[PDB]
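Residue numbers (the authors' numbering): 244 to 292.
Data first, discussion second: the structure below is written as structure tokens.
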RNA sequence: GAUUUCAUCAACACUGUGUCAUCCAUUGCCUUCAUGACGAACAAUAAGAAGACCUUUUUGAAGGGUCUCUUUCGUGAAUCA
């Protein structure tokens, strides 16, 4: 009866892990894409000049 | 199967298409393919010289190494049919 709840408790941990993965990947892609956008803006300015 | 934007939640990465610009320089503009023929040219492999050159030896003269031509084997080149 201890594991009756202890083994089920892992659902919160796994959902937290997956949500952390989603947030981390979204944030990293967002910042990297912003940096790429800035680099492309520098290229566009260079090409305009 | 679920779920951050539902391309990217990004005005980036792209996909395909259309348009435009751009030889850096050079070459050529299939009848590319076959047979037969020919002017000319070429050398790996090898050979053959009263033409010419250099070095060394004491010199006239001698030793060695070179330039030039030809041929065996052949070789591509391609004006035309």
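Using N, Cα and C, we set each Cβ at its ideal position, and we do this for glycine too.
Between the C-alpha atoms of residue 247 and residue 255, what's the straight-line distance to the nearest angstrom? 15 Å
Through-space distance from residue 277 to residue 251, alpha-carbon basis: 40 Å
Please report the distance separating the alpha-carbon of residue 245 from that of residue 257. 20 Å
Using DSSP with H/G/I as helix, E/B as strand and the rest coil, what is residue 250? coil
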